[PDB]
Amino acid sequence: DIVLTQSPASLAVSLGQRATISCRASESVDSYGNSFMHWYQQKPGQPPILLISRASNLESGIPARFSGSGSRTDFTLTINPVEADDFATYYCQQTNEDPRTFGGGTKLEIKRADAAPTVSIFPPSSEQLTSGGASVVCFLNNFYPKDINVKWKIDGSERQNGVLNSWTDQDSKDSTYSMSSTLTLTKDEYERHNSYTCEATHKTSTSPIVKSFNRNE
């Protein structure tokens, strides 16, 4: 089986700059005077889209800012200039030998200025309480880069159990990420404590961003 190694695995390119993705085949994918290396774009939650066939043929309806080159065992996909809607995973595929194989993919991230998150905190709803559960939710919205750290603090002490975290994929419009942190407690555990603190640590601030409520209010 032909192995496809894509590089780099992960890439951030600013709006309007040039993105270069490579694919190396363990064996030649040349035959019939052609190179059967193809490039696909996959947006989150969507089917892949064919960008380029046979190493350098742009498919109908694909912008000319995408292009491909190479032969035999070395291939490049180029995106120039990179636009906001171009974040995706990019796969190379060879169809020279059975079985068809795909490369591991390359994640293209739109690079932008660092942005601190807009943080919101929400105590459990009275409706969730009637069920005996108590989820405290924290939104950390529109930040860059993706790396962030969220601490939960109850009455001054850190809390690790019950925290569930989830990132969105990058935003088309403003190239940011968002994240929600959910602390799921029992109702009783929620009533044993007064103040609840969501703490965000990010490369934009030297000190954490903190949102708190007291259960009193």
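Heads up: residue numbers just count along the shown sequence, starting at 1.
Stretches 158 to 166 and 33 to 41 differ in mean CA B factor, with 158 to 166 having the higher one.
Here 200 to 208 and 19 to 27 are compared by their mean Cα B-factor, and 200 to 208 comes out higher. The top Cα temperature factor in the record, among 83, 114, 109, 127, falls on 127. As recorded in the PDB entry, 149 shows the highest C-alpha B-factor of the residues 180, 149, 69, 53. For residue 133, the recorded CA B-factor ranks within the highest third of the chain. Only modelled residues enter the ranking. For residue 144, the recorded CA temperature factor ranks within the lowest third of the chain's modelled residues. Per the deposited record, the Cα B-factor of residue 49 falls in the lowest third when ranked against the other modelled residues of its chain. In the PDB entry, a CA B factor belonging to the middle third of its chain's modelled residues is recorded for residue 60.
Residue-level temperature factors show residue 78 in the lowest third of its chain, judged at the C-alpha atom.
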